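Below you'll find the structure, written out as structure tokens, and then a few comments.
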Amino acid sequence: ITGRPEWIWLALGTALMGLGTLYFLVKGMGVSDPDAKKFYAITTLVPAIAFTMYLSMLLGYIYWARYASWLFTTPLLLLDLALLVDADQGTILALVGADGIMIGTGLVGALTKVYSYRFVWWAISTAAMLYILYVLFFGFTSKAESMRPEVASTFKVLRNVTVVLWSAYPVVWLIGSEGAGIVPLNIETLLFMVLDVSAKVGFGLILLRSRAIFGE
């Protein structure tokens with residue numbers, strides 16, 4: 001059982017998600033700044049949720065748990081970016097709403113037992129993702145550029161990372177078993193695991209290493 005690729009990617013994801021959470025926790029201790037504290041709480045919670053979900057997949061070894069974790073973590077990563085650029089509640093609510101639709105229709109697309117329609121839900125989900133990325137790349141950038149150099153600089157990096165990593169999911173889904181079934185399950189599980197760690201631990205490392213989180 002431990003020799004199967006699928007199990008190995010799940011075990012690795014659990015380990016990396018666990019180590020990241022602990023590292024962020026260590027880094028977070030001995031930080032008094034009120035604003036910085038908020039970023040550490042959100043950013044530490046993200047990989048902690050994923051750790052639990054990846055652990056749950058191992059214990060049950062199914063992937064219905066990945067969507068549940070995407071459902072919880074995607075909104076939190078958006079809040080992180082929203083806090084960084086001091087976005088207004090209205091735009092935040094719109095982002096989370098679009099995000100809920102994105103995750104929700106994605107799951108519906110994977111549950112449908114009638115082909116052709118798989119792509120209909122994928123198109124709706126991808127459209128929702130595109131609205132979010134549009135808001136992040138064109139809307140948040142303007143607000144960030146009118147702010148402190150450190151904030152503007154870290155946001156652009158997090159922005160570029162988010163747009164590229166998130167855009168990869170629809171692609172992997174389409175070539176994977178939920179879509180056209182071109183790439184085997186173990187390769188897809190690997191692609192998602194790599195994307196998940198990069199989008200959470202990777203993203204969190206860049207954010208938490210920056211002075212942009214401090215109130216100043």
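Could you please find all residues in region 164-182 being exposed (fewer than 15 other Cβ atoms within 10 Å of the Cβ) and either within 15 Å of residue 70 (Cα to Cα) or among the hydrophobic types (A, V, I, L, M, F, W, C) (or both)?
164, 167, 171, 180, 182
Go through region 1-18 and report how many residues are under 21 Å from residue 49 (Cβ atoms) and either loosely packed, with under 15 Cβ neighbours inside 10 Å or of a type in the set (D, E, K, R) (or both).
Going through region 1-18 one residue at a time, the tally reaches 1.
Here is a list of conditions, (1) in a helix (DSSP H, G or I); (2) surrounded by fewer than 17 Cβ atoms within 10 Å (Cβ to Cβ); (3) aromatic (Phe, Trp, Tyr), and residue 115 meets all of them except one; can you say which number that is?
(1)
For residue 87, state whether it is farther than 18 Å from residue 197 by Cα, outside any helix (DSSP H, G or I) and not acidic (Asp, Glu).
Here the answer is yes, as residue 87 does meet what is asked.
Give the number of residues within region 54-113 that are hydroxyl-bearing (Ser, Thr, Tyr) and in contact with a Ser or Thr (Cβ under 6 Å, 6 or more places away or on another chain).
2
Table: residues versus (1) outside any helix (DSSP H, G or I); (2) within 24 Å of residue 132 (Cβ to Cβ).
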{"residue": "12", "(1), (2)": "no, no"}
{"residue": "20", "(1), (2)": "no, yes"}
{"residue": "23", "(1), (2)": "no, no"}
{"residue": "30", "(1), (2)": "yes, no"}
{"residue": "58", "(1), (2)": "no, no"}
{"residue": "75", "(1), (2)": "no, yes"}
{"residue": "99", "(1), (2)": "no, yes"}
{"residue": "102", "(1), (2)": "no, yes"}
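FYI, it's all coordinate maths here, none of it is from the lab. Virtual Cβ from ideal backbone geometry, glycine too; neighbours counted across all protein chains shown.
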